[PDB]
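Alright, two takes on the same chain below, each alone as structure tokens: structure 1 and structure 2.
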Structure 1
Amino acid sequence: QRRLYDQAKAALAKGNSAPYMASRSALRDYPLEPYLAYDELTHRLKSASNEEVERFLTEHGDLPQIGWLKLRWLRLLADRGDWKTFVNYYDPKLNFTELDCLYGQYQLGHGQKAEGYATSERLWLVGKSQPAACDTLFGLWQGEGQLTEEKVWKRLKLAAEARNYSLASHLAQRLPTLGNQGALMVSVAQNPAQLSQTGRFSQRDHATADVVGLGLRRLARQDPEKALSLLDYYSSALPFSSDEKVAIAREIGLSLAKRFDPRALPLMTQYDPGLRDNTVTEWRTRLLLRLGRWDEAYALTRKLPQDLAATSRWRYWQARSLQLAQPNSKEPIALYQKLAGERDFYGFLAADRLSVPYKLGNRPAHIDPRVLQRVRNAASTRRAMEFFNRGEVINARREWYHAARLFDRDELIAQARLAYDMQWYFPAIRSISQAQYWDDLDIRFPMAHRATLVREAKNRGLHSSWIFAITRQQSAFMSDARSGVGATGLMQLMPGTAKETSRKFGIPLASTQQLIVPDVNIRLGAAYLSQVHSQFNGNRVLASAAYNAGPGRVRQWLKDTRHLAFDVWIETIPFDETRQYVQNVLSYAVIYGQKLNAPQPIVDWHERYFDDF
């Protein structure tokens, strides 16, 4: 039959359970009946029996919200001292530090002392504040004299590293002998420029070295030049460990490398000769490439660890660095040929270097129909389907992502097709991606809002493929996207920029919260794109970077250049987020250019070289 579960649901929310108890007998078959049961139990959880709660965890353990019930119930079980039942259901995988701390309590009061100390210490050595349950644990741990000054000092270091200075200071006022360098550590953490006064930070002991090390690492981000200078002093004056020294060299090296200062190269080379730090090894190479030092670059690309050497990046850059070093050599044509078959950015570059067509190769995976039925008939799916038909977007979305948490590779692809068939593009894109079936370009690069984008792109004369690329990279066709810093929508617009974009020329924006309309999003995004497209002479490489990082940042990254190749520039973008963002948009625009039958190379003729000269 047809069921109105809203009445039962309405009652339970802030109230009674009579309509649920009354109607429930009718809704055995209904998919969302377990949500009512969940709330009904949850309200009276304190007085519920173990047998009932345990029964509920068996019969509806698949529910997305089940972890919250386990947290609420285990609080009580531990509060009651029912530890036998606690440990039967305690799960580290839930990632509740309150439970982990309660589990530590159990270990200490039940003979597992070694494991209680390991648990306590692991939860202690953490630069943020922990739940009040942990104060209880840390109390017991301290009570057995395990909270040594070293371990409070070590957490102090982490808290200052985390910029949580209230915590850090509270820990500093708990140091019996080291209270002076604790206060000093928080001072330096707040302003590491104070290390200019070498006289004041010259007390040759381990703690002073700990603070100067923290300071040099922090100072490296803002004034690497000053830090490099002070390292030379402080390494004589203070008893730095070798591991402490490489961590300083890392941050100074990386910070100088990102400013294209060649003084990083002797430092990086001295302190990581083994190439043990990927990020240092990559930026050493990136830096050589920026300086036109093709010989050293190539040499370095031949020494890489196996996990860097496997990537399409350093395969491309081994070939290209050799081709720049020895232009008349043919060894690169082979290297590019291995790589030009891949469908990624560097694979497109390789093909572009040979002047051969790209390999897109849309080959939708063929699914076992039995697997398609198993996923379709799973209760988590039925529930997600129902929430969709009802119009509850977040609930349908949550059920989808929770089910995907433990599906195998076949089951994830099966899931992804079903979502695609319902014109629900983002969860299809998401599910197929975590299956790692990359070759279904129909699912991964859908034509959502094609009528809009094609027209908008003609307005503010742009390539249809490039607008499609930007959106797909920015949201993956989820209008509901809110960023970790507040950029929202199909074209992840900065709320502070969105207003300014609406004010600058602009047409009516009707609030930040009500920006979610795709059609609101699209013509604004086209306008902003054209603005930056214009700002950088129609260069999509630069313009794409400006979109995600700001034109002022891109200008700083173009500073003092002269005939810089496009591929080197992209590679030598300081920000990881933005390097990938550009490489994605450029690749996605190749793929959309195909699917829109308006072929688009990886870069246009006029994008290949640029400078601020």
Structure 2
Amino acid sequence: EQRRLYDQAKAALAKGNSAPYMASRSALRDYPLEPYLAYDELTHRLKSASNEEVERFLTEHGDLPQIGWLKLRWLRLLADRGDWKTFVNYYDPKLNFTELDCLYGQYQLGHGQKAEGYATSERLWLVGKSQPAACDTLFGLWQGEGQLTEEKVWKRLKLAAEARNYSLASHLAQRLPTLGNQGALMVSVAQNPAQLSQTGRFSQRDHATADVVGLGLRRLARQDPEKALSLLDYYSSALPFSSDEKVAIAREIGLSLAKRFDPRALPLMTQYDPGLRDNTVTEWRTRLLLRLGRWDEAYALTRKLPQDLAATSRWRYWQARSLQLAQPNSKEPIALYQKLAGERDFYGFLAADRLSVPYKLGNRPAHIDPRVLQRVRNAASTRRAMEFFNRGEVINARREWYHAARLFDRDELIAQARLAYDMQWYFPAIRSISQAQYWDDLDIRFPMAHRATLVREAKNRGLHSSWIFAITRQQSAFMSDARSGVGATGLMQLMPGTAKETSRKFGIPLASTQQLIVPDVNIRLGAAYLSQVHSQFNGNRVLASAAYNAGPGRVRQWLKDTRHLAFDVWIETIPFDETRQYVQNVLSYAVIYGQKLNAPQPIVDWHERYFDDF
């Protein structure tokens, strides 16, 4: 049979009544989307519904993506009724609804689990944002048992000010029995920490004033790291800083000076994390040395990395390379490069490029056991996603795919990836395979979508067509109508007014922002804008790729006062983690796409290898 009995049930159910569903339900047993109707039928009348029915539903349709919202709506009711016996049977901290977590805390306090409920209460309390109304109740009970000491108010005040939630921080500082002053001062310094210049006003030697100054110095480290450093020197002797606070201050100043390429970071970062316990401080100590051309020290530092850092392709690369820059006549790097070259990531391509050997583009579509492939195709969630796809409900089919995938093991996920690839649905295949982490299938991970369009507009703007694929692949992963909270739309994530500044310059048809999802017109403007940025930085993809992501004014800040700076070092020393990754992906992706377009692209062009603002 074939039926819209779904659609017309979903019409009546959407703002109304269950009559078509109720009659048709008998006829819709085999139909895979029927449980979505049952959900809404029950959700409407949930307050009247019995435990036995809801419980039964959660059993027989527990696999649905929207099941958590029912659990939330329902457990809220059970707790309000005082059906705690039932609440606890279903309370799942993994749903990550803080409303439930606070309700669970209430239960614990009410049911002789006071140690366990205090812990729950405090965990939820020590949080720098505002919690739901349900937690006000828990914290009320918690307070009632004399657990909300002034210290624990102070400690959350600290977190609220750190998080820039100053209305909360004010509310907390107007609840300090004795510390009301330092609390107001904490909020004042959090808002403008340059006030710490007035060393007179912040002289009082107590553990509270130390907390104020230490927050301020960490806040001030972002935007005036040089002032913060001078002020640390004053304040250290002057105030009773704990040892671990001193570390967290030095961390923040150290990293902020490191990202400005100031050698004054090195002594500080060395004093306060000598054992290399902080992975970010350790990475940026090494980056700073690479930026300053201090190859010997960088190499030394790469030999002492903790297991987790040393194991990455990054520090495997930089150990070889720092040695090669330090001792250029040594042969010891060749060995080090060989271990690493022929890995399929960015630093492997670097190591391959350094040996003058071809890149290992390891394409090995894994053998799928078809018992697994068909178990995954004979999943309820898959048939529901399959069927959503036919219909044209695109968010729904995505929703089902991704939810199903949280429980699937490495084998189950790879099966799903191959199924989505077969429907010319390139992103869910890209996303499913990346969760499985079978990186060695480059048909799936690096697809040839919109190939006639990208190659045309690359030739048009005098650009390596491998590169425009890489930008597209990195910006969206070939999701043709992608959108973001910032407002970038389409295959190439074109910002709305970025796409019209470009439309004027080149004289291109743009009669709507709803045509920036159309692959043909989205690519065409994004190709042109790419070329703006390209020509802005003398056709240097390393710089242009960074600028596409980070804006060009940033990239120019990152080029300030350089001379003959190597491309690998520049990239590594990009301050933003988001942007370093972006550049390394795009460059890597374009090596892959160079092969697939039978037009080989080395990791970098001859003219990109060294650069500066000199």
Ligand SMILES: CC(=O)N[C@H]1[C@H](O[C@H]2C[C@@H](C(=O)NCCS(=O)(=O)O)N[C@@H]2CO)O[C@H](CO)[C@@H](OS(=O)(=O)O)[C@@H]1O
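For numbering, take structure 1's sequence and count from 1. Under this definition, the rigid core comprises the largest set of C-alpha atoms superposing within 1.5 Å between the forms.
Taken from the form solved in complex with ligand BUL, structure 1 is distinct in origin from structure 2.
No residue in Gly199, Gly274, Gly496, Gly111 other than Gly496 shows a CA shift of 2 angstroms or more between structures 1 and 2 after fitting the rigid core. A displacement of 2 angstroms or greater separates the C-alpha positions of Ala510 between structures 1 and 2, with the rigid core held in common.
The Cα position of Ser479 differs by 2 Å or more between structures 1 and 2 after fitting on the rigid core.
For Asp519, the CA shift between structures 1 and 2 after superposing the rigid core equals 1.9 Å. Shown is the Cα shift of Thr42 between structures 1 and 2 after rigid core superposition, which amounts to 0.5 Å.
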